[PDB]
Amino acid sequence: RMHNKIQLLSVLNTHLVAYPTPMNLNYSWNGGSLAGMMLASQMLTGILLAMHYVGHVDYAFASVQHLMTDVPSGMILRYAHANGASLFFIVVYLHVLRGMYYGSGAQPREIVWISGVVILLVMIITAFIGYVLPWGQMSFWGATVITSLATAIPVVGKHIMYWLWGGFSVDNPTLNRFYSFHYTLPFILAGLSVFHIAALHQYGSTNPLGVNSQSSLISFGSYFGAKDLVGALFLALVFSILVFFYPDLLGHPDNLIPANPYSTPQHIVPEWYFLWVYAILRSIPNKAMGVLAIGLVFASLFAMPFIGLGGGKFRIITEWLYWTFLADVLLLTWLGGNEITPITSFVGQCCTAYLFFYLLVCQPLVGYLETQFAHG
Amino acid sequence: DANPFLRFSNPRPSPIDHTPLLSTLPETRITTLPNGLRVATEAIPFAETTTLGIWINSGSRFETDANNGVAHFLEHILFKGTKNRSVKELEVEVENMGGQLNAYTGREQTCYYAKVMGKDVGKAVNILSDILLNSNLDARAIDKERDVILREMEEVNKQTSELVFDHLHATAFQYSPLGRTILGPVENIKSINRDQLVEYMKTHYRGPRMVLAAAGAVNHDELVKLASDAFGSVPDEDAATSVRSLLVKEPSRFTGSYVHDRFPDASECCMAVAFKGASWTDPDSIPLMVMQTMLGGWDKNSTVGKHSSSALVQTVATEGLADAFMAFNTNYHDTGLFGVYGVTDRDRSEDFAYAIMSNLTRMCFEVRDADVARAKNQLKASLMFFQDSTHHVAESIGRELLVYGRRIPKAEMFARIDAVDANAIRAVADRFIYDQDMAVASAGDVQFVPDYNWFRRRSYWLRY
Amino acid sequence: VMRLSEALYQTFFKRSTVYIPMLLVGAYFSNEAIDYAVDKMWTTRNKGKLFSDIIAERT
Amino acid sequence: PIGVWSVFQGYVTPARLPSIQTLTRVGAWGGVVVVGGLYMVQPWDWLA
Amino acid sequence: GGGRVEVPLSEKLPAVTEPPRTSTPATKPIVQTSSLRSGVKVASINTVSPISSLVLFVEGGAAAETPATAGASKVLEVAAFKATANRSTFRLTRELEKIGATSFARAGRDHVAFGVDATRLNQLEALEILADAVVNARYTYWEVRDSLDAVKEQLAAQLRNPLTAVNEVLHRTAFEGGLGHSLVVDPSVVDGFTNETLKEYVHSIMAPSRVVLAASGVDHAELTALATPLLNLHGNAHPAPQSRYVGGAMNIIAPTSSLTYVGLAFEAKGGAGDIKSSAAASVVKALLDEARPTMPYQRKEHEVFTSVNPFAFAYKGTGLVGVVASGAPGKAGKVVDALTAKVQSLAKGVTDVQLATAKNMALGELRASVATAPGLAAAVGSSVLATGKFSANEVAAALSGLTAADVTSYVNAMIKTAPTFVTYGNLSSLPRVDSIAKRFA
Amino acid sequence: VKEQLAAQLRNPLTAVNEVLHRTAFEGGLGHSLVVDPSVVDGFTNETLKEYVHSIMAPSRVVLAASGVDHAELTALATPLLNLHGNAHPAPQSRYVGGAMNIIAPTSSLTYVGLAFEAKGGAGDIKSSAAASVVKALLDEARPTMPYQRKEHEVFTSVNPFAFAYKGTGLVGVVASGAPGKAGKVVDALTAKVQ
Ligand code: HEC
Ligand code: HEC
Ligand SMILES: COC1=C(OC)C(=O)C(C/C=C(\C)CC/C=C(/C)CC/C=C(\C)CC/C=C(\C)CCC=C(C)C)=C(C)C1=O
Ligand SMILES: COC1=C(OC)C(=O)C(C/C=C(\C)CC/C=C(\C)CC/C=C(\C)CC/C=C(/C)CCC=C(C)C)=C(C)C1=O
Ligand SMILES: [Zn+2]
């Protein structure tokens, strides 16, 4: 064989052409290839964007405007890079919810789940510090509110805060270092994605039935190339609609105002994909307790392969509870864009309590009850 | 739960008191002749057979470079005719007493013994003294045995385990008398003669180095009279040429080293790893016995290896790392050897080596009490099994008088075993194993055996 | 020939959790000695040319 | 089935748990990270 | 710190002789036998040894096998002492290894034996473990399936020795019936074996009147009182295919046998039941011992032979005394001629010194077989199963009271009976079979 | 070579033929042809060269042909077959007979072979013709039609043979049967020749 004589062709053949895949995978197994396509699109658009962006105060806003109106195809590149972050987060969130529904992180795929959670954290940091770069009002004030939350760790507070800022407030050193960190972090994302895919290939994927599928495996490169192409074309349709018809629908109008450190906007909210964490933080009336709850959510995400029992269908109680969890998370996403009100504070506290209750009580105990019902 | 089939027995290891077994064990009587020869008997009350022989505190250690191999050649020559009996006369007289003569020659011990019936004690004494004192040592028989030994040397006719252990003694005891083989080199066999045999027997086979040990059906006074008649003419020993003076003059030395004997088309891969152990007189030799029981041994004809108490046996049997292995505890007059020998192939040699090293170093840190109680019970039961055969009773009498200087009673041995606990095991393992040099020997298909630095690195843990 | 002592081995070398803090205090003192030697040599060689020499001269 | 499934099935006994000596040897790593942090930062005579 | 008193020095005041010396029994202990109310016979002999041996003898072996259950005794040797109704395999292994006891399963040509050897302080544990592993054994599917491989290499290794193969073919040729079946079968015989085959074989061989409990160094009243609720057995006696001696001759073709093996055998009349005939057969076996290795490194040279190995088996009702001799491939007819000459010279008379030497050799073998506790327990169990009593004193008296005229008469009556003749090896030189069995006629 | 030998010894007829040729003869005719595969273990090309050198001599070689002119064949084989060698002595063979048995522990059929010497060998035309006729007579079950259903009471399969060598030969019959029916197979094979 021609692929048996060059080691590059052997690896590519083994992992992209002849890789045995279950034949009954539905269209909810296309999240990963879509996420990889969105990562590649973001990298390409950003590398093109960085040839016209200047990472300095008193030039950043004007460089973005010169990019928008004077660079040929520059408006397409900027709007694509802005809405691609939203579509990247949509796809990755649906991927995580698929894994939550089917119990995809269980033995022997715990490394796949853990590397996914690490990828999600790096994605969040990348998107935040990239949102600071246009240097509008929302960029400056979100960077101010989030980075001045290290004053919750006792003693070693404002020292870390002033070392992050490079000064005493968010200013030109903060923007200048945020440009370098934001350029650099997506390559770590690409390497972690390669490691994440390589960890899955050790044992292969789960199937919608939740049973062993070693008897019914087919080649990846013929059957799941066109199936991924169909979903990629749907994603390209949504992407083209967002770029060309509603380019500022998902944004905030305040980020089109140049940043003013002496005047604050009426409502300071982040992008939509950060809103559930913001609601968890804003609901608790203590800064250190809010940061502790935010850390506890991700700790419970890491602990999910070792505490979570229960998968998709034929485990029907946890299957029904998944929809309450999805409603809870979407409610937290809605609450983050509202104002602080006693009823919204009470509802956000109840939603955070139920999120912890589902992640830490329902998944082990109800799953154990389901195993005792089914095979006991 | 079955009422009659589930009482009395349970898998929880608990210490057993072996004190009531001491009430009926027989006593050893020792009589020292004016020659310096000790006569020691142990009468079993209703025995019909008798093992008796002569144990000598000599062997391959006390030779020189010029006559290395004389003591092993002596057991080829000694049974080929004496000055009072011919070959056929000896054969007929041994056949008529219904027993067999036998001989072993170690690095430090030699025995010649007879397993006869109780009516043939005096005849066996007379025959043993006749070969020991009045041998022909004919040059024709020497030439008739030299060529056979040279053929089996040219063919490399040897056991694999003996080959590995001889390499291990040669590399662990470099430039000391214990590094020589019992067989000797080819040149000494090619130039052996009657004079060297006479000089070796005249120098080393003397009164204070010889024990006449008999077990089974034997009277002590009659054996004293027979030994004074027969073995009364052995020379005494000079004070300047005693065993202790020779031990002081040429002491043992341990060197951390590595050897492998590679063959181009072999199938097996035999290997042994040993640490510098304890001498016979070290009080740490009893915990080393308990630790050797804790490591145990296993061969693949057994099918209950996965339910073993020993963790090393469990690991090797479950993962299939070796076809057979055994832990050994060798004791000498002034040094010793402690380690594990095993047989594997070239694809499982590194994992077997890792299992050996990881289980040896683990005894310094974590030792549970159940394993120690189990090993103490197994070692005491093994000591009681040797009391069942009169051959082992006579062998233990001879060995204990040669190397301890006295007959250790069974109550003292049980008390010394029962004083071992988990802290003692951890202390002895810390003394002998942790961050120490080891000796590595292998033979066969040994291209994938790790080198010395790999073995040296795994004698300690960086995580504690 | 020359050989590390057994009693000094059993204290500072057998465990890594005792070896590492000893390593850190030795590292601290080694850095202090190297700093002292370099600074003393530099100040002795360039005496009368530094700014502090002019300032102490003007007192 | 690594984690809470091991303790639901009864696979975590008083045996197969680490000993007190094992926990002390692991627990001795607490001083190493403290000394390493104090070596890295050097807040000399900062203890109140 | 631990103990630091060196072993040349006596241990200190914490080393007491608190157990006193128990007085010896007045006489040598005798064998005491009885029968349980279930029908199992129990025989025991007291010893002064600190080791108690318990063995369970069941009639069976290769003589109770069928073509369907072929090679079941060899599988039962490996599959014994595993998971029972009350204990798992892990629990039984740990309970044996806790008290330092050892277990064996050993299959003969007319019996299977199961035994546990332990110290005198753990005799109840050994008895309970042995009874539970024999009576309540489960013989699970997966354990037998995994043991079949090790059975195959053990049989393949045991068939590497040509004397085992010659013994198998000799027993096939000498007998028709139960004793002619093969014990050490080919490895491919047990290729289709399952646990149902072993369970069928065990159900055939097990019956209360075919089971004997033998013990060494155990009080008899205590043993019967504590084994009555444990050995309450039920079952039917499967019919036994009684064997008869007919004689004959056969051959074996071996492609890479560097030597050539010749077997000659006769029938010992009366079997193990007759004390005098078995004693005379043992004396004949010792008289055929040409090269006995009584000394280290002794080189007895024969003109033609390379090895001589006689035997004397004593089954129930019939026996097989004979000799197997090796030799060069080109000298096989000389091996046959020398063997016939040796048996004929034995028939011509034994001369005093040879008779005394063979009697001493037989007495030494008989007394060295029962020297240890497991050997004594095995001897008691086999003798009670074959006859109903243990008669080692009577066997010794028969060996000592044998005259040369009786031995000459015994060999004269032997050579009149038709013999059994078996060859082995890449046979490229052989006298014709009609003249082979003519020299004794 | 070893796998072909193992394939050939799987047929019990080949093994019975080998044992018959060894048992009936003393000399070169009793040597085994289809040897065990373990025999060819320590075999090299020097062993083959030694065997070829032992068998090669210009008086031991016959060039036969079919469908060619004889004069042209001799004219063209003149400069090719210039063989030089020493005529090694022939280990001549004599019939002795006897009885031997070969054990197969997992064979579902027991084979019985019977044979007699064809005196004269291939040189005697009349004796060879009589041996051929006796081989044809002993062939009880020769299927001459498709799906013939001949049924013997004891003979599972019957194969007669007739061999002709230089100076001697064999003619006889090999009959199989059930393992429990071998004595009746011997009885019928014996009674057939009277
Ligand atoms: C927090 C969890 C998580 C995150 C975030 C995540 N993954 Fe996944 N991913 C998984 C799990 C679990 C699986 C295995 C699903 C299965 O086989 O049931 C998986 C499977 C995949 C697959 C195989 C096809 C598929 O969709 O099942 C790909 C490709 C993939 N991931 C890529 C990515 C990429 C690219 C990213 C981000 C840029 C990403 N994943 C983010 C957990 C995650
Ligand atoms: C996970 C999300 C994500 C990834 C991956 C990402 N970016 Fe962006 N980046 C953003 C967001 C969001 C913005 C804010 C865009 C806006 O609102 O105008 C941004 C802004 C920028 C800007 C400022 C110009 C502008 O129009 O805002 C540059 C330059 C840039 N990114 C470059 C890159 C580069 C270079 C890469 C990869 C090598 C990259 N990005 C990958 C999310 C991302
Ligand atoms: C309106 O306001 C707000 C924003 O603003 C628009 C936000 O976004 C968010 C969302 C942010 C969240 C939830 C936290 C983001 C996570 C972290 C860890 C903070 C980011 C940390 C930084 C910048 C420290 C410096 C580190 C850098 C630059 C990279 C480090 C390098 C590596 C890891 C290799 C919220 C809630 C918000 O209310
Ligand atoms: C459950 O079954 C499975 C699936 O579900 C059906 C999958 O989907 C996948 C994975 C799908 C893959 C790998 C294809 C999707 C694409 C990805 C991750 C990357 C996107 C890249 C694109 C479009 C082109 C990038 C181009 C260039 C030039 C960048 C490279 C740079 C250089 C050469 C310098 C796998 C393994 C799988 O098992
Ligand atoms: Zn030797």
# chains A, B, ... in the order shown; residues from 1 in each chain; ligands from 1

call {"tool": "residues_around", "arguments": {"residues": "residue 23 of chain D", "least_positions_apart": "6", "cutoff": "12 Å", "atoms": "only C-alpha atoms", "output": "JSON, numbers by chain"}}
result
{"B": [365, 366, 464], "D": [17, 29, 30]}

call {"tool": "residues_near_ligand", "arguments": {"ligand": "ligand 5", "cutoff": "9 Å", "atoms": "only C-alpha atoms and all ligand atoms", "output": "count of residues only"}}
result
13

call {"tool": "atom_distance", "arguments": {"atom1": "atom CA of residue 323 of chain E", "atom2": "atom CA of residue 104 of chain F"}}
result
25.1 Å

call {"tool": "select_by_dssp", "arguments": {"residues": "segment 7-179 of chain F", "states": "helix (DSSP H, G or I)", "output": "PyMOL selection string"}}
result
chain F and resi 7-8+12-24+28-30+37-40+45-55+70-77+125-138+179

call {"tool": "atom_distance", "arguments": {"atom1": "atom CA of residue 300 of chain B", "atom2": "atom CA of residue 90 of chain E"}}
result
17.3 Å

call {"tool": "residues_near_ligand", "arguments": {"ligand": "ligand 2", "cutoff": "7 Å", "atoms": "only C-alpha atoms and all ligand atoms", "output": "number ranges by chain"}}
result
A: 39, 42-44, 46-47, 49-50, 53, 64, 78, 81-82, 85, 88, 123-124, 126-128, 130-134, 182-184, 186-187

call {"tool": "write_last_selection", "arguments": {"atoms": "N, CA, C and O atoms", "output": "tab-separated table (two decimals), in the first residue's frame"}}
result
chain	number	residue	atom	x	y	z
A	39	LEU	N	-13.02	26.75	15.31
A	39	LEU	CA	-11.69	27.11	15.79
A	39	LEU	C	-10.76	27.50	14.64
A	39	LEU	O	-10.07	28.52	14.72
A	42	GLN	N	-11.88	30.91	13.28
A	42	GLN	CA	-11.49	32.01	14.17
A	42	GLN	C	-10.01	32.31	14.04
A	42	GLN	O	-9.62	33.48	13.98
A	43	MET	N	-9.18	31.27	13.96
A	43	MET	CA	-7.74	31.46	13.80
A	43	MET	C	-7.43	32.17	12.48
A	43	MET	O	-6.64	33.12	12.46
A	44	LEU	N	-8.08	31.76	11.39
A	44	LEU	CA	-7.82	32.37	10.09
A	44	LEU	C	-8.27	33.83	10.06
A	44	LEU	O	-7.51	34.71	9.62
A	46	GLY	N	-8.76	35.88	12.57
A	46	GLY	CA	-7.97	36.70	13.47
A	46	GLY	C	-6.58	37.00	12.95
A	46	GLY	O	-6.09	38.12	13.11
A	47	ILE	N	-5.91	36.01	12.36
A	47	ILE	CA	-4.59	36.23	11.76
A	47	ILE	C	-4.70	37.25	10.63
A	47	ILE	O	-3.82	38.10	10.46
A	49	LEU	N	-7.06	39.58	10.67
A	49	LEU	CA	-7.41	40.83	11.36
A	49	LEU	C	-6.19	41.52	11.94
A	49	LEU	O	-6.10	42.75	11.91
A	50	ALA	N	-5.24	40.75	12.47
A	50	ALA	CA	-4.08	41.30	13.15
A	50	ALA	C	-3.14	42.06	12.23
A	50	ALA	O	-2.24	42.75	12.72
A	53	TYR	N	-4.85	45.72	12.82
A	53	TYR	CA	-5.17	46.17	14.16
A	53	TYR	C	-3.91	46.66	14.87
A	53	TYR	O	-2.85	46.06	14.75
A	64	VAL	N	-9.70	49.77	14.22
A	64	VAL	CA	-10.86	48.94	13.92
A	64	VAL	C	-11.78	49.63	12.91
A	64	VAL	O	-12.30	49.00	11.99
A	78	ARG	N	-14.07	41.31	9.99
A	78	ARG	CA	-14.37	41.69	11.37
A	78	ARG	C	-15.68	41.07	11.85
A	78	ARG	O	-15.74	40.51	12.95
A	81	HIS	N	-15.27	37.39	12.37
A	81	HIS	CA	-14.51	37.07	13.57
A	81	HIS	C	-15.31	37.36	14.84
A	81	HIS	O	-15.12	36.69	15.86
A	82	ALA	N	-16.21	38.34	14.79
A	82	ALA	CA	-17.02	38.66	15.96
A	82	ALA	C	-18.14	37.64	16.17
A	82	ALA	O	-18.35	37.16	17.28
A	85	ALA	N	-17.13	33.83	17.24
A	85	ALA	CA	-17.00	33.51	18.65
A	85	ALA	C	-18.32	33.04	19.23
A	85	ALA	O	-18.37	32.08	20.00
A	88	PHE	N	-18.99	29.57	17.72
A	88	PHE	CA	-18.08	28.65	18.39
A	88	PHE	C	-18.61	28.27	19.76
A	88	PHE	O	-18.61	27.09	20.13
A	123	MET	N	-11.00	28.50	26.31
A	123	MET	CA	-11.89	29.22	25.40
A	123	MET	C	-12.50	30.44	26.05
A	123	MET	O	-12.60	31.51	25.43
A	124	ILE	N	-12.92	30.31	27.32
A	124	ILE	CA	-13.53	31.42	28.05
A	124	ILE	C	-12.53	32.56	28.22
A	124	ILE	O	-12.84	33.73	27.95
A	126	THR	N	-9.79	33.14	26.47
A	126	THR	CA	-9.47	33.67	25.15
A	126	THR	C	-10.54	34.64	24.67
A	126	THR	O	-10.22	35.75	24.22
A	127	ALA	N	-11.81	34.26	24.80
A	127	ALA	CA	-12.90	35.11	24.33
A	127	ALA	C	-13.00	36.40	25.14
A	127	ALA	O	-13.25	37.47	24.57
A	128	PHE	N	-12.78	36.33	26.45
A	128	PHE	CA	-12.84	37.53	27.29
A	128	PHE	C	-11.74	38.52	26.93
A	128	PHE	O	-12.02	39.70	26.65
A	130	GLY	N	-10.04	38.68	24.27
A	130	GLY	CA	-10.23	39.18	22.92
A	130	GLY	C	-11.33	40.20	22.83
A	130	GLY	O	-11.28	41.09	21.98
A	131	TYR	N	-12.33	40.10	23.70
A	131	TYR	CA	-13.38	41.10	23.75
A	131	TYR	C	-12.86	42.43	24.28
A	131	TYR	O	-13.43	43.48	23.96
A	132	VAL	N	-11.81	42.41	25.10
A	132	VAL	CA	-11.23	43.68	25.55
A	132	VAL	C	-10.59	44.47	24.40
A	132	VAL	O	-10.59	45.71	24.42
A	133	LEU	N	-10.08	43.78	23.37
A	133	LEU	CA	-9.24	44.43	22.36
A	133	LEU	C	-9.83	45.60	21.56
A	133	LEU	O	-9.05	46.52	21.25
A	134	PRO	N	-11.11	45.64	21.15
A	134	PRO	CA	-11.58	46.82	20.39
A	134	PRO	C	-11.56	48.13	21.17
A	134	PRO	O	-11.62	49.19	20.53
A	182	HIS	N	-4.02	37.10	23.98
A	182	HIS	CA	-5.07	36.68	23.07
A	182	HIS	C	-4.53	36.14	21.76
A	182	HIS	O	-5.21	35.35	21.11
A	183	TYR	N	-3.34	36.57	21.32
A	183	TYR	CA	-2.91	36.05	20.03
A	183	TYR	C	-2.48	34.61	20.31
A	183	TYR	O	-2.83	33.68	19.57
A	184	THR	N	-1.79	34.41	21.45
A	184	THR	CA	-1.09	33.17	21.82
A	184	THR	C	-2.03	32.03	22.24
A	184	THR	O	-1.78	30.87	21.88
A	186	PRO	N	-5.08	30.80	21.36
A	186	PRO	CA	-5.68	29.83	20.42
A	186	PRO	C	-4.76	28.74	19.89
A	186	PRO	O	-5.26	27.70	19.46
A	187	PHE	N	-3.44	28.93	19.90
A	187	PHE	CA	-2.56	27.83	19.51
A	187	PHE	C	-2.53	26.75	20.58
A	187	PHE	O	-2.44	25.56	20.27

call {"tool": "residues_around", "arguments": {"residues": "segment 1-5 of chain A", "least_positions_apart": "4", "cutoff": "12 Å", "atoms": "only C-alpha atoms", "output": "VMD selection string"}}
result
chain A and resid 9 to 14 17 to 18

call {"tool": "interface_residues", "arguments": {"of": "chain B", "to": "chain C", "cutoff": "10 Å", "atoms": "only C-alpha atoms", "output": "count of residues only"}}
result
7

call {"tool": "interface_residues", "arguments": {"of": "chain F", "to": "chain E", "cutoff": "12 Å", "atoms": "only C-alpha atoms", "output": "compact mmCIF listing (two decimals) with C-alpha atoms, in the first residue's frame"}}
result
# COMPACT_ATOMS: atom_id res chain seq x y z
CA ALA F 15 1.20 -44.22 7.38
CA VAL F 16 0.02 -47.83 7.04
CA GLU F 18 5.10 -46.81 5.41
CA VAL F 19 4.80 -49.30 8.29
CA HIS F 21 7.12 -51.33 3.73
CA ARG F 22 9.33 -51.25 6.83
CA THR F 23 7.85 -54.43 8.34
CA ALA F 24 7.89 -56.52 5.17
CA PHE F 25 11.45 -55.71 4.09
CA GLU F 26 15.04 -55.80 5.29
CA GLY F 27 17.36 -53.40 3.48
CA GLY F 28 16.85 -50.31 1.37
CA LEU F 29 13.23 -51.15 0.56
CA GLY F 30 12.31 -50.89 4.24
CA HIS F 31 13.50 -47.29 4.56
CA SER F 32 10.74 -44.77 5.18
CA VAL F 34 7.28 -40.12 3.70
CA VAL F 35 9.28 -39.30 6.83
CA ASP F 36 8.17 -37.39 9.91
CA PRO F 37 8.56 -33.58 9.68
CA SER F 38 10.89 -33.61 12.71
CA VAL F 39 13.48 -35.56 10.69
CA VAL F 40 14.16 -32.60 8.38
CA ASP F 41 14.90 -30.28 11.31
CA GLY F 42 18.70 -30.26 11.12
CA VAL F 96 10.91 -61.08 5.88
CA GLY F 97 7.37 -60.13 6.97
CA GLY F 98 6.26 -59.72 10.56
CA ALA F 99 3.83 -57.63 12.58
CA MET F 100 3.91 -54.03 13.82
CA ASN F 101 1.39 -51.57 15.23
CA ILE F 102 1.17 -47.77 15.16
CA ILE F 103 -0.84 -45.83 17.76
CA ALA F 104 -3.14 -42.92 16.95
CA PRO F 105 -5.03 -41.78 20.07
CA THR F 106 -7.66 -39.65 18.26
CA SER F 107 -8.33 -41.71 15.13
CA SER F 108 -11.99 -42.61 14.66
CA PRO F 179 -12.30 -49.26 16.54
CA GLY F 180 -14.57 -51.75 18.28

call {"tool": "interface_residues", "arguments": {"of": "chain D", "to": "chain C", "cutoff": "10 Å", "atoms": "only C-alpha atoms", "output": "PyMOL selection string"}}
result
chain D and resi 25-36+38-40

call {"tool": "residues_near_ligand", "arguments": {"ligand": "ligand 3", "cutoff": "9 Å", "atoms": "only C-alpha atoms and all ligand atoms", "output": "number ranges by chain"}}
result
A: 121-122, 124-129, 131-132, 138-147, 161, 164-165, 174, 177-182, 184-185, 188, 267-271, 273-282, 294, 336

call {"tool": "residues_near_ligand", "arguments": {"ligand": "ligand 4", "cutoff": "6 Å", "atoms": "only C-alpha atoms and all ligand atoms", "output": "MDAnalysis selection string"}}
result
chainID A and resid 21 29:30 32:33 36:37 40 205 224

call {"tool": "write_last_selection", "arguments": {"atoms": "N, CA and C atoms", "output": "CSV table (one decimal), in the first residue's frame"}}
result
chain,number,residue,atom,x,y,z
A,21,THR,N,-16.0,3.5,13.2
A,21,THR,CA,-16.9,4.4,13.8
A,21,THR,C,-18.3,3.7,13.9
A,29,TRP,N,-23.8,13.9,16.9
A,29,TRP,CA,-22.4,13.6,17.0
A,29,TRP,C,-21.5,14.5,16.0
A,30,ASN,N,-22.1,15.5,15.4
A,30,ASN,CA,-21.4,16.4,14.6
A,30,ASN,C,-20.9,17.7,15.3
A,32,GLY,N,-18.4,18.0,17.4
A,32,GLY,CA,-16.9,18.2,17.5
A,32,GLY,C,-16.3,18.7,16.2
A,33,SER,N,-16.7,18.2,15.1
A,33,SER,CA,-16.1,18.6,13.8
A,33,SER,C,-16.5,20.1,13.5
A,36,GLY,N,-14.2,22.2,15.7
A,36,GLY,CA,-12.9,22.3,15.1
A,36,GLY,C,-12.9,23.2,13.9
A,37,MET,N,-14.0,23.2,13.1
A,37,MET,CA,-14.1,24.1,12.0
A,37,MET,C,-14.3,25.5,12.4
A,40,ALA,N,-10.8,26.7,13.6
A,40,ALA,CA,-9.9,27.0,12.4
A,40,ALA,C,-10.4,28.4,11.7
A,205,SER,N,-15.9,6.2,19.9
A,205,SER,CA,-17.1,6.9,20.4
A,205,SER,C,-18.2,6.1,20.9
A,224,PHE,N,-18.7,9.3,7.2
A,224,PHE,CA,-18.8,10.4,8.1
A,224,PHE,C,-18.1,11.6,7.5

call {"tool": "residues_near_ligand", "arguments": {"ligand": "ligand 1", "cutoff": "6 Å", "atoms": "only C-alpha atoms and all ligand atoms", "output": "PDB file with C-alpha atoms, in the first residue's frame"}}
result
ATOM      1  CA  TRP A  29     -22.373  13.610  16.952  1.00  0.00           C
ATOM      2  CA  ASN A  30     -21.383  16.424  14.581  1.00  0.00           C
ATOM      3  CA  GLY A  31     -20.628  18.902  17.362  1.00  0.00           C
ATOM      4  CA  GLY A  32     -16.911  18.167  17.508  1.00  0.00           C
ATOM      5  CA  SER A  33     -16.124  18.614  13.817  1.00  0.00           C
ATOM      6  CA  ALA A  35     -16.206  23.066  16.851  1.00  0.00           C
ATOM      7  CA  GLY A  36     -12.936  22.295  15.080  1.00  0.00           C
ATOM      8  CA  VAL A  92     -19.215  23.870  22.052  1.00  0.00           C
ATOM      9  CA  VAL A  96     -21.088  19.659  26.239  1.00  0.00           C
ATOM     10  CA  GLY A  99     -21.949  14.704  26.656  1.00  0.00           C
ATOM     11  CA  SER A 104     -20.078  10.456  27.522  1.00  0.00           C
ATOM     12  CA  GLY A 105     -17.387  11.128  30.117  1.00  0.00           C
ATOM     13  CA  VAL A 112     -11.624  13.026  27.023  1.00  0.00           C
ATOM     14  CA  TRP A 113     -14.032  14.814  29.367  1.00  0.00           C
ATOM     15  CA  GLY A 116     -12.697  19.064  27.182  1.00  0.00           C
ATOM     16  CA  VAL A 117     -13.226  20.997  30.424  1.00  0.00           C
ATOM     17  CA  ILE A 119     -10.425  23.432  26.546  1.00  0.00           C
ATOM     18  CA  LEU A 120     -13.604  25.197  27.708  1.00  0.00           C
ATOM     19  CA  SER A 193      -7.927  19.948  20.573  1.00  0.00           C
ATOM     20  CA  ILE A 197      -9.224  13.996  19.651  1.00  0.00           C
ATOM     21  CA  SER A 205     -17.061   6.935  20.426  1.00  0.00           C
ATOM     22  CA  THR A 206     -20.267   6.051  22.216  1.00  0.00           C
TER      23      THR A 206
END

call {"tool": "closest_atom_pairs", "arguments": {"of": "chain E", "to": "chain B", "cutoff": "6 Å", "atoms": "only C-alpha atoms", "output": "tab-separated table"}}
result
residue	atom	partner	partner_atom	distance
E:2	CA	B:424	CA	5.7
E:4	CA	B:283	CA	5.6
E:6	CA	B:283	CA	4.9
E:7	CA	B:281	CA	5.5
E:8	CA	B:404	CA	5.2
E:15	CA	B:412	CA	5.9
E:19	CA	B:23	CA	5.5
E:20	CA	B:23	CA	5.6
E:21	CA	B:23	CA	4.8
E:22	CA	B:23	CA	5.5
E:90	CA	B:307	CA	5.1
E:91	CA	B:11	CA	5.9
E:94	CA	B:11	CA	5.4
E:95	CA	B:11	CA	4.8
E:98	CA	B:374	CA	5.6
E:100	CA	B:378	CA	4.5
E:125	CA	B:9	CA	5.6
E:294	CA	B:100	CA	4.3
E:295	CA	B:101	CA	5.0
E:296	CA	B:102	CA	5.9
E:297	CA	B:76	CA	5.9
E:357	CA	B:96	CA	4.9
E:360	CA	B:98	CA	5.2
E:361	CA	B:98	CA	4.9
E:364	CA	B:98	CA	5.4
E:372	CA	B:388	CA	5.9
